[PDB]
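Everything on this sheet refers to the single structure shown next.
Values below: all heavy atoms of this structure, side chains included; hydrogens, waters and symmetry mates excluded. Nothing fancy with the numbering, it's 1 onward along the sequence.
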Amino acid sequence: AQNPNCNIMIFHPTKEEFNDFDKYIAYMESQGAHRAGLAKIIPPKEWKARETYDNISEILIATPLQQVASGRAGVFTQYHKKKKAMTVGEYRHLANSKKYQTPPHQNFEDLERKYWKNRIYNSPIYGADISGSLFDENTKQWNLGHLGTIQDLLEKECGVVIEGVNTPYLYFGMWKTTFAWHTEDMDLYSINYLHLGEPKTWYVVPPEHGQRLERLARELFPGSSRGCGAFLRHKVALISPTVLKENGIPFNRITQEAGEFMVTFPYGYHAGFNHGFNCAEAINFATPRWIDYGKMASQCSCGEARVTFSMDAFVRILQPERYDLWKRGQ
Ligand SMILES: O=C(O)c1ccnc(-c2cc[nH]n2)c1
Ligand SMILES: [Fe+3]
């Protein structure tokens with residue numbers, strides 16, 4: 001078996017290897033990449049997402065979210081308080097202000113220590129899930145706005161045409177901006193490109209060990225767990241690497257820098273934080289190997305998890321027994 005320790009693999013495709021997205025995903029899996037839950041892909045030195053990031057300041061963050069924490073430094077939840085709209089230019093200025101700017105640090109490990117020590121005592125503001133793309137329409141390879149859709153993949157594998165669309169999202173981050181422990185909707189894959197700015201540190205649990213994280217979360221967030229049998233779908237819970245290690249949870253970490261792709265694999269739990277002002281683009285995708293994961297994905301019928309119109313059909317086709325209850329919660 002490839003990659004039995006479930007380490008995060010890093011790939012350096014040639015320009016030739018970079019010409020067929022599905023084929024390279026499959027190659028990575030042939031080398032055991034998926035066992036870690038996360039892989040990094042460094043694009044060929046020849047490649048670029050777009051020419052310049054000069055003229056992005058006028059994009060609108062219609063609903064910036066302030067991420068307010070409750071709990072302890074290593075075990076906390078966060079809720080999203082809506083703020084007034086601002087442009088990316090205004091958001092960048094805010095990110096770099098004294099209140100929000102990255103503090104001095106020696107290296108990534110030092111900044112990580114500061115993050116887990118102090119995150120809960122600040123409330124950074126995030127631009128999240130903004131439909132759009134910063135890829136040049138002329139970029140022909142690994143353009144996240146030109147992938148094949150999940151709906152077409154489900155039709156190709158299962159024989160049934162479904163409604164729905166599948167488009168990328170932009171994320172504008174600042175220091176301490178946080179993404180909670182989660183797997184993707186329907187335990188899909190995701191691909192994330194860091195377009196510009198400061199890094200993003202990721203934590204990931206191997207898919208074969210996802211249930212261990214779920215058990216620990218139920219212990220650490222007991223009220224949340226009683227309210228919803230899949231409360232990690234709410235995407236509000238944070239658990240530090242120190243607490244994970246104390247509880248024997250297998251995990252790995254890696255820092256993504258501008259110009260790098262990260263792929264998240266089905267049922268790979270992940271979380272992380274931004275180092276400073278940055279912009280990332282992400283989208284979910286599917287392969288034939290995903291189908292069996294989508295059939296088994298847990299669902300929140302709490303009401304709390306955010307439903308896209310596109311997910312209805314995945315539950316309807318792949319999980320007909322669960323569909324009624326899930327639909328009520330949406
Ligand atoms: O903020 C980010 O960079 C980030 C990282 C990993 N996952 C998501 C996500 C959003 C919805 N599903 N997954 C967003
Ligand atoms: Fe994600």
Side-chain angles (χ1 to χ4, degrees), residues 5-8 36-38 40 65-81 100-108 110-126 128 171 173-184 190 192 194 198-214 216-225 228 230-257 262 264 267-276 278 280:
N5 284 3
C6 301
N7 299 307
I8 299 168
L38 180 72
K40 175 181 294 192
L65 304 172
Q66 183 160 230
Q67 305 189 290
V68 183
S70 304
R72 305 164 274 171
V75 181
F76 62 93
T77 59
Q78 62 185 6
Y79 81 89
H80 293 162
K81 179 172 152 159
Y100 292 112
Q101 60 178 58
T102 312
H105 55 290
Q106 291 299 110
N107 50 42
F108 296 160
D110 190 30
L111 194 66
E112 172 183 47
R113 171 190 73 71
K114 291 168 182 276
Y115 173 87
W116 290 108
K117 179 182 170 53
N118 298 129
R119 156 67 185 95
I120 59 166
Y121 303 111
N122 301 86
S123 295
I125 298 171
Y126 204 15
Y171 299 80
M174 65 170 64
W175 168 231
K176 288 184 168 163
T177 280
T178 300
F179 53 108
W181 279 108
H182 69 289
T183 65
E184 303 298 309
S190 71
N192 180 299
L194 189 51
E198 303 311 310
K200 187 188 310 280
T201 294
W202 297 68
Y203 305 93
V204 61
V205 174
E208 58 203 72
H209 302 309
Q211 294 85 354
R212 304 192 184 209
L213 182 66
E214 293 173 353
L216 177 64
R218 287 193 301 272
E219 296 166 13
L220 292 181
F221 303 93
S224 300
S225 177
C228 191
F231 71 101
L232 289 175
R233 296 260 174 232
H234 310 173
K235 302 185 225 254
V236 299
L238 280 95
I239 306 172
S240 71
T242 294
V243 177
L244 290 180
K245 181 176 70 206
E246 284 177 345
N247 285 279
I249 308 306
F251 73 96
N252 281 293
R253 74 187 88 205
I254 189 164
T255 302
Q256 169 192 30
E257 302 190 66
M262 309 295 298
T264 260
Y267 196 58
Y269 274 101
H270 57 282
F273 66 86
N274 294 310
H275 291 206
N278 62 16

Work out which heavy atom in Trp175 is nearest to a heavy atom in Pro103; give both atom names and the distance.
-> NE1-CD, 3.3 Å
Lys40 NZ to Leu194 CG distance, which is reported to the nearest 0.5 Å | 9.5 Å
Can you tell which of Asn118, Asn122, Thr102 makes a side chain to side chain donor-acceptor pair (under 3.5 Å) with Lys176?
-> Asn122
Residues in side chain to side chain contact (heavy atoms under 4.5 Å, CB included) contact with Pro241, at least two apart in sequence or another chain = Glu112, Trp116, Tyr203, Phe251, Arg253
Under the criterion side chain to side chain contact (heavy atoms under 4.5 Å, CB included), which of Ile249, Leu232, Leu38 is the partner of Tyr269?
-> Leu232
Single hit among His270, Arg233, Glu214 for side chain to side chain donor-acceptor pair (under 3.5 Å) with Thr183 | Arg233
Side chain to side chain contact (heavy atoms under 4.5 Å, CB included) partners of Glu198, counting only residues at least two apart | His275
So do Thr177 and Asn278 actually touch side chain to side chain, heavy atoms under 4.5 Å?
-> no
Value for CG (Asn274) from CD (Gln256), rounded to nearest 0.5 Å, stands at 9.0 Å
Write down the atom of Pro207, the atom of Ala36, and the distance for their closest heavy-atom approach.
-> CD-C, 3.9 Å
Any chance you could lay out the side chain to side chain contact (heavy atoms under 4.5 Å, CB included) test for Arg212 and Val205, step after step, and finish with the verdict?
-> CA-CA 9 Å; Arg212 304 192 184 209; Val205 174; over 6 Å; no
Got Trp181 and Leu244 here, is their nearest side-chain heavy-atom distance under 4.5 Å?
-> yes
Tell me yes or no: between the side chains of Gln67 and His80, is some donor less than 3.5 Å from an acceptor?
-> yes
Side chain to side chain contact (heavy atoms under 4.5 Å, CB included) assessment of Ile239 paired with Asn247 = CA-CA 11 Å; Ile239 306 172; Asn247 285 279; over 6 Å; no
Side chain to side chain contact (heavy atoms under 4.5 Å, CB included) between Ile120 and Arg72, worked out = CA-CA 7 Å; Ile120 59 166; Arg72 305 164 274 171; 5.6 Å; no
Check for a donor-acceptor pair, side chain of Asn252 on one end and backbone N or O of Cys6 on the other, with a separation under 3.5 Å.
-> yes
List for me each residue that meets side chain to side chain contact (heavy atoms under 4.5 Å, CB included) alongside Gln101, sequence neighbours excluded, and say none if there are none.
-> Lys98
Any side-chain heavy-atom pair from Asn192 and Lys200 closer than 4.5 angstrom?
-> yes
State, to 0.1 Å, how close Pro250 and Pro206 come at their nearest heavy-atom pair, and which atoms those are.
-> O-CD, 3.4 Å
So, do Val236 and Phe231 sit near enough that their side-chain heavy atoms are less than 4.5 Å apart?
-> no
Minimum heavy-atom distance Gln78-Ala180, with the two atoms named = NE2-N, 4.2 Å
Side chain to side chain contact (heavy atoms under 4.5 Å, CB included) between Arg119 and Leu238, worked out = CA-CA 11 Å; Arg119 156 67 185 95; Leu238 280 95; over 6 Å; no
Closest heavy-atom pair and its distance - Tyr171, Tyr126 = CB-OH, 3.6 Å
Least distance between heavy atoms, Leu65 atom then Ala128 atom = CD1-CB, 4.4 Å
Check each of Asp110, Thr178, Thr201 against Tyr115 using the side chain to side chain donor-acceptor pair (under 3.5 Å) test, and report the only one that passes.
-> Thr178
